[PDB]
Every structure is written in structure tokens, then in C-alpha cells.
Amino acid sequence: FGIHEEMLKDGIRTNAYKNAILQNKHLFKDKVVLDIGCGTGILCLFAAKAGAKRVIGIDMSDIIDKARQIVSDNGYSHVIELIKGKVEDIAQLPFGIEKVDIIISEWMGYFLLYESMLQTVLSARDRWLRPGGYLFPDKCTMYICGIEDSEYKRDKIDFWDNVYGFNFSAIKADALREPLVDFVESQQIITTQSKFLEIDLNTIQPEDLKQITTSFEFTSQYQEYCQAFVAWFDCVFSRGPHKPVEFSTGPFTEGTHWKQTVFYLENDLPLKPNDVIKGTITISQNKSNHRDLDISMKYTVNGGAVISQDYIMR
């Protein structure tokens, strides 16, 4: 339903795709393009307008029926073919196509990896992408920093101490364990930013994602309390475009429907300028429900004792 309105109205995201595709007619002319999760078909339309010989869109949604009408209303029924189905249940691609030159996908989830189609795209890549072929986009980088969020933490967390006079503190750890998807103001940031993960769709393998372990390090700029870490991702169309096309979901630039991801700390960190926060973040699917994402943090401040907190995005 309205899920497609949201992405189309996400101007930062859609223009990034539009520019990467339409500015590179030379790369798209007469090629075979596969759009994974085509939805309403806007990306397919871009690729057709850019000169592709064939655009094959896959989507498991019933949106497909109306996407075909949109393709026809814009004159592309001979170029764009849409398939209702999960990518995993496609025997052959139509028209006897066996390899494709370009895969377009919008796979990125919240916190990049939450309920993402990454695995589906990697399988499509392994089954169909010709050697040397291109993934639009193909590189995503995650960043993390520390913020001051005293107001929002007292409202979302310490609310549970006294609810109409009752003690609801038994719920507090469950409130803390859920990362919040929300916009953060950049003036709340009180540390440098740390690139802590890069995902390269040209090289990554499916088993690399079973469990992600990574490191992060950032530096306090203020005498201040830190109540949360905030994380976002930048996405780059790097291989293929004549010039690289980029967009960010971070707080320093116009918002996107992914917002940012806020990880509330159990205990506020009192930070002095030049204090160093460094640790590891481990990301993996939840054992009891595979749609859920387990995120585990272990870090220190100036070598202090290890602080550890576990989150579940569900």
C-alpha cells in the first residue's frame, strides 16, 4: 500500500537513483537490466528511459499488476517485463535471458541491515550478473557517533519508573534494548564520527553476513554526558557511473525515510574532551525469530573497564 508512496516521496533516495541511471545513458544503452524489488516500477522506468534493451523487474508484491499498467501508460511495455514472484522461486528469466549486465536494487533497511533484501540481491548477483557487471548501488558505509539526548531519554526510558503511580521499571530494560528509528539533530552530536562497516556488493559473500563483527572508535569533543549512540549509512553507486553518485541518511543532510538509528545507553557516559570511545559491534540474526536483528556492543572509554550492552531490532 502506502509503502511505495514513502520511497517515491523520499527525494534524496530517488534522485540519487535517477542521477546514477539517467546520467549514464552510455552505460545503459542496449543492455539487459534486472530490477530487484521493482515496486511501482520507477527504477525500471529510469533504466528504460536511459536506453536499456530489456528491463526485468521482480517483485513478490501484488503491486506488480498496477506497475504493469504504469509501464504501459508510459510506452515501455516492449522493454520492461515484470515478474510477480520471489527471486528465489524464478526458474528462468524471460526471453531466454541467462545473464544480465546491471542489477538495480533498493535493498537497504533500517540500520542498513534490518529487514534488508541484501541476501536476495547477492543471490540474484550470483545467478545472473555477468562477470564484470554492475550493481546499482554497490557500496554502503555505516557511521556511528555519540549524542546528547537527555530530554528524549527521560521521556522514552525513565518514564517507566512511575506510571500513574505504579512501578513499571520491570519494562525499562526492554525499552533500552530496542533501538529507535528517528531523526537526530546534528547539534546533539558530541563526538567525531566513526566509519564502522563497509558493505561492497561486488565482493561480499552470503556467509560473510551470518555474523558481522566490526570495530568503532570515536572521540569526545565536549565536557558533556552521552546518552546514546546514533548510526546511519551512506550509499554509493561506485562501479559503473561515469562519476560516482552518493547519498547519505545521516543527520547533517536532508532526511530520508530511513532516518537514523538511536542506541540508548543503559548508563550515561560522562565525557571529557579528547576522551576516546572504542569497541566492537556484533550484528547477527536473532535465533528465535530470524526477522529480528541482534546488535551487541562492547566498548571502553580511555581504556576503562568494558561496558557491554545488547540490543534487538524487532
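So that there is no doubt, residue numbering starts at 1 and follows the sequence shown.
Here the stretch with the larger average CA B-factor, out of 86-94 and 234-242, is 86-94.
Taking only CA atoms, the mean B-factor in the PDB entry is higher for 285-293 than for the other of 61-69 and 285-293. Per the deposited record, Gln211 carries the highest C-alpha B-factor of all listed residues (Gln211, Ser77, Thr191, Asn162). Split the chain's modelled residues into thirds by C-alpha temperature factor. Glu266 is in the highest one. Among the modelled residues of its chain, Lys298 has a C-alpha B-factor that falls in the middle third, as given in the PDB entry. The entry lists a Cα temperature factor for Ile277 that places it in the middle third of the chain's modelled residues. Ranked within its chain, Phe168 lands in the lowest third, by CA B factor from the PDB record.
In this PDB entry, the Cα temperature factor of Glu106 sits in the middle third of its chain's modelled residues.
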